[PDB]
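> The structure file query-v8.cif (mmCIF, C-alpha atoms) is provided below.
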```
data_final
#
loop_
_atom_site.group_PDB
_atom_site.id
_atom_site.type_symbol
_atom_site.label_atom_id
_atom_site.label_comp_id
_atom_site.auth_asym_id
_atom_site.auth_seq_id
_atom_site.Cartn_x
_atom_site.Cartn_y
_atom_site.Cartn_z
ATOM 1 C CA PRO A 1 13.687 99.095 -28.409
ATOM 2 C CA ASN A 2 14.619 97.481 -25.075
ATOM 3 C CA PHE A 3 18.347 97.580 -24.125
ATOM 4 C CA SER A 4 17.814 95.565 -20.922
ATOM 5 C CA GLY A 5 19.728 92.356 -20.265
ATOM 6 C CA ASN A 6 23.032 90.773 -19.310
ATOM 7 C CA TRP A 7 25.347 91.422 -22.209
ATOM 8 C CA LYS A 8 28.490 89.370 -23.016
ATOM 9 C CA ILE A 9 31.204 90.675 -25.316
ATOM 10 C CA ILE A 10 31.660 88.844 -28.612
ATOM 11 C CA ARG A 11 33.682 91.377 -30.636
ATOM 12 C CA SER A 12 36.191 94.121 -29.847
ATOM 13 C CA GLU A 13 37.927 96.281 -32.430
ATOM 14 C CA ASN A 14 40.653 98.933 -32.144
ATOM 15 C CA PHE A 15 40.487 99.177 -28.362
ATOM 16 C CA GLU A 16 44.169 98.917 -27.424
ATOM 17 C CA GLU A 17 45.019 101.031 -30.452
ATOM 18 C CA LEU A 18 42.665 103.738 -29.182
ATOM 19 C CA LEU A 19 44.308 103.587 -25.764
ATOM 20 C CA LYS A 20 47.703 103.765 -27.503
ATOM 21 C CA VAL A 21 47.061 106.988 -29.454
ATOM 22 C CA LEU A 22 45.675 108.517 -26.257
ATOM 23 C CA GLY A 23 49.048 107.963 -24.557
ATOM 24 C CA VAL A 24 48.054 105.142 -22.211
ATOM 25 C CA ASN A 25 51.231 103.337 -21.113
ATOM 26 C CA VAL A 26 51.856 99.841 -22.467
ATOM 27 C CA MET A 27 51.360 98.170 -19.060
ATOM 28 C CA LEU A 28 47.791 99.400 -18.653
ATOM 29 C CA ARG A 29 46.988 98.760 -22.323
ATOM 30 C CA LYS A 30 48.022 95.154 -21.801
ATOM 31 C CA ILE A 31 45.952 95.014 -18.633
ATOM 32 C CA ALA A 32 42.876 96.519 -20.305
ATOM 33 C CA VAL A 33 42.958 93.909 -23.099
ATOM 34 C CA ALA A 34 43.668 90.775 -21.052
ATOM 35 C CA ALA A 35 40.993 88.064 -20.940
ATOM 36 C CA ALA A 36 40.475 89.066 -17.304
ATOM 37 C CA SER A 37 39.441 92.614 -18.243
ATOM 38 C CA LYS A 38 36.720 91.402 -20.613
ATOM 39 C CA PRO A 39 33.651 93.516 -19.717
ATOM 40 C CA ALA A 40 30.247 92.081 -18.862
ATOM 41 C CA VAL A 41 27.566 94.734 -19.259
ATOM 42 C CA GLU A 42 24.272 94.658 -17.357
ATOM 43 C CA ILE A 43 21.597 97.121 -18.474
ATOM 44 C CA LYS A 44 18.228 97.988 -16.965
ATOM 45 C CA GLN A 45 16.229 100.345 -19.176
ATOM 46 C CA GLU A 46 12.973 101.893 -18.064
ATOM 47 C CA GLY A 47 11.931 104.161 -20.913
ATOM 48 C CA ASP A 48 14.513 106.939 -21.071
ATOM 49 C CA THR A 49 16.029 105.939 -17.727
ATOM 50 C CA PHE A 50 19.081 103.676 -17.738
ATOM 51 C CA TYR A 51 21.190 101.800 -15.225
ATOM 52 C CA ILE A 52 24.325 100.371 -16.799
ATOM 53 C CA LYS A 53 26.825 98.335 -14.814
ATOM 54 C CA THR A 54 30.109 97.409 -16.465
ATOM 55 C CA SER A 55 32.105 94.693 -14.710
ATOM 56 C CA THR A 56 35.361 92.807 -15.268
ATOM 57 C CA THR A 57 37.165 90.322 -12.985
ATOM 58 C CA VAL A 58 38.764 93.234 -11.078
ATOM 59 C CA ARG A 59 36.577 96.302 -11.542
ATOM 60 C CA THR A 60 32.915 97.206 -11.328
ATOM 61 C CA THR A 61 31.330 100.529 -12.227
ATOM 62 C CA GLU A 62 27.777 101.755 -12.723
ATOM 63 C CA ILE A 63 26.181 104.768 -14.372
ATOM 64 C CA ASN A 64 22.621 105.889 -13.785
ATOM 65 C CA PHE A 65 21.264 108.334 -16.342
ATOM 66 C CA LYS A 66 18.161 109.594 -18.055
ATOM 67 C CA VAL A 67 18.326 110.541 -21.725
ATOM 68 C CA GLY A 68 18.349 114.332 -22.001
ATOM 69 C CA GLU A 69 19.678 114.931 -18.482
ATOM 70 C CA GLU A 70 23.354 115.689 -17.778
ATOM 71 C CA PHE A 71 25.284 113.283 -15.528
ATOM 72 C CA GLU A 72 28.908 112.790 -14.505
ATOM 73 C CA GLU A 73 31.120 109.858 -15.501
ATOM 74 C CA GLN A 74 34.686 109.256 -16.734
ATOM 75 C CA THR A 75 36.237 109.239 -20.219
ATOM 76 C CA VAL A 76 37.801 106.108 -21.719
ATOM 77 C CA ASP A 77 41.087 106.942 -20.002
ATOM 78 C CA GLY A 78 39.455 107.682 -16.647
ATOM 79 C CA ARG A 79 39.079 111.474 -16.679
ATOM 80 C CA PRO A 80 35.935 112.854 -14.945
ATOM 81 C CA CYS A 81 33.461 114.336 -17.421
ATOM 82 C CA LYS A 82 29.907 115.596 -17.747
ATOM 83 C CA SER A 83 27.859 113.571 -20.209
ATOM 84 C CA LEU A 84 24.594 114.119 -22.068
ATOM 85 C CA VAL A 85 22.827 111.312 -23.903
ATOM 86 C CA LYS A 86 20.377 111.909 -26.720
ATOM 87 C CA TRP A 87 18.402 109.542 -28.920
ATOM 88 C CA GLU A 88 19.724 109.442 -32.479
ATOM 89 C CA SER A 89 16.958 107.043 -33.386
ATOM 90 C CA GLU A 90 14.666 104.493 -31.753
ATOM 91 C CA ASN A 91 17.506 101.985 -31.442
ATOM 92 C CA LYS A 92 20.540 104.223 -30.943
ATOM 93 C CA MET A 93 21.680 106.654 -28.277
ATOM 94 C CA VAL A 94 24.650 109.015 -28.534
ATOM 95 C CA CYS A 95 26.600 110.604 -25.661
ATOM 96 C CA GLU A 96 28.630 113.803 -25.871
ATOM 97 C CA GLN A 97 31.223 114.239 -23.151
ATOM 98 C CA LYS A 98 32.887 117.376 -21.795
ATOM 99 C CA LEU A 99 35.890 117.216 -19.433
ATOM 100 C CA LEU A 100 35.188 118.690 -15.995
ATOM 101 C CA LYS A 101 38.710 120.049 -15.740
ATOM 102 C CA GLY A 102 41.306 120.726 -18.402
ATOM 103 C CA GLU A 103 41.365 120.083 -22.121
ATOM 104 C CA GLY A 104 41.564 116.865 -24.105
ATOM 105 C CA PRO A 105 40.473 114.929 -27.157
ATOM 106 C CA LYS A 106 36.797 115.201 -28.112
ATOM 107 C CA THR A 107 35.249 112.011 -26.659
ATOM 108 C CA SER A 108 31.843 110.457 -27.207
ATOM 109 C CA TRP A 109 30.109 107.132 -27.161
ATOM 110 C CA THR A 110 27.123 105.425 -28.760
ATOM 111 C CA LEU A 111 25.031 102.376 -27.902
ATOM 112 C CA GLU A 112 22.762 100.704 -30.427
ATOM 113 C CA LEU A 113 20.683 97.551 -30.799
ATOM 114 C CA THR A 114 20.583 95.599 -34.028
ATOM 115 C CA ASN A 115 17.434 93.765 -35.122
ATOM 116 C CA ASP A 116 19.278 90.518 -34.445
ATOM 117 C CA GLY A 117 19.629 91.799 -30.878
ATOM 118 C CA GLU A 118 23.339 92.514 -30.742
ATOM 119 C CA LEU A 119 24.413 95.535 -28.737
ATOM 120 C CA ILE A 120 26.984 97.754 -30.410
ATOM 121 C CA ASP A 121 29.092 100.010 -28.237
ATOM 122 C CA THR A 122 31.331 102.569 -29.951
ATOM 123 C CA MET A 123 33.789 104.953 -28.337
ATOM 124 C CA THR A 124 35.373 107.874 -30.218
ATOM 125 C CA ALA A 125 38.303 110.115 -29.334
ATOM 126 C CA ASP A 126 38.816 112.736 -32.033
ATOM 127 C CA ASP A 127 39.360 110.719 -35.240
ATOM 128 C CA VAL A 128 39.729 107.283 -33.611
ATOM 129 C CA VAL A 129 36.841 104.817 -33.123
ATOM 130 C CA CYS A 130 36.726 101.627 -31.024
ATOM 131 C CA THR A 131 33.786 99.256 -31.488
ATOM 132 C CA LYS A 132 32.618 96.474 -29.163
ATOM 133 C CA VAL A 133 29.746 94.071 -29.734
ATOM 134 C CA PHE A 134 27.748 92.174 -27.129
ATOM 135 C CA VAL A 135 24.914 89.638 -27.219
ATOM 136 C CA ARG A 136 22.475 88.750 -24.447
ATOM 137 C CA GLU A 137 22.962 85.898 -22.037
#
```
As structure tokens, please, write out the structure in this file.

Amino acid sequence: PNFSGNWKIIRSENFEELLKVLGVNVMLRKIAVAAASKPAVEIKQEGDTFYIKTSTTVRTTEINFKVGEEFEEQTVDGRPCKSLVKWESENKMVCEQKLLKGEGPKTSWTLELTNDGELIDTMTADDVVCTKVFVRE
């Protein structure tokens, strides 16, 4: 049940389409899905404490969180939110998000490890799901 490693993306599904239904303009959508925006994910897990750094060729962000403790981040389309991660099972965490200001779609994410050691990242906004899959370097 160790999420640690340097994760490289091998599958992405419904990502631009998710951005589309959220009203993200076509320019940014095309930016977000270019080869150059391919995310590399570095995780350090120490029990329930996580450091996750997501990096592309042009952007780098990090979240530090402990499961069960509220933290602040941003939704898929960059809106500040308060997040709370909970274990759904030994190999899967789920994060509920609540906008800090205003109203919006219901957004959440999940991270889970398969027994073949792939990392599955899902992002939901209301009734729309995007799935990405990573493997370790």
> Select, from A:33, A:94, A:75, A:1, the residue with the minimum atom-to-atom distance to residue 14 in chain A, counting all atoms listed in the file.
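Among A:33, A:94, A:75, A:1, it is A:33 that comes nearest to residue 14 in chain A.
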> Might you spell out which residues the PyMOL selection byres ((chain A and resi 46-59) around 10) would select in the displayed file, as a PyMOL selection string?
chain A and resi 1-7+32+35-45+60-69+85-87
> Figure out the distance between CA of residue 117 in chain A and CA of residue 70 in chain A, please, to one decimal in Å.
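Value for the CA of residue 70 in chain A-CA of residue 117 in chain A distance: 27.5 Å.
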> Given the file shown, enumerate the residues that the PyMOL selection byres ((chain A and resi 119) around 6) captures and present them as a count of residues only.
6
> What is the distance between CA of residue 74 in chain A and CA of residue 128 in chain A, in Å to one decimal?
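We find that CA of residue 74 in chain A and CA of residue 128 in chain A lie 17.7 Å from each other.
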> Evaluated on this file, the PyMOL selection byres ((chain A and resi 129) around 10) picks out some residues - which ones are they, written as number ranges by chain?
A: 13-15, 17-18, 107-109, 122-128, 130-131
> Take CA of residue 137 in chain A and CA of residue 19 in chain A and report the distance between them in Å, one decimal.
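CA of residue 19 in chain A lies 28.0 Å from CA of residue 137 in chain A.
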> Go ahead and fit an axis-aligned box to every listed atom of range 110-123 of chain A plus 8 Å each side, and pass me the centre and edge lengths in Å, one decimal, as AutoDock Vina command-line options.

```
--center_x 25.6 --center_y 98.0 --center_z -31.5 --size_x 32.4 --size_y 30.9 --size_z 23.2
```
> Taking only C-alpha atoms into account, name the residue in A:73, A:116, A:16, A:121 that is nearest to residue 97 in chain A.
A:73
> Determine the nearest neighbour of residue 96 in chain A from the options A:12, A:114, A:84, A:22, counting only C-alpha atoms.
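Checking each of A:12, A:114, A:84, A:22 against residue 96 in chain A, counting only C-alpha atoms, the winner is A:84.
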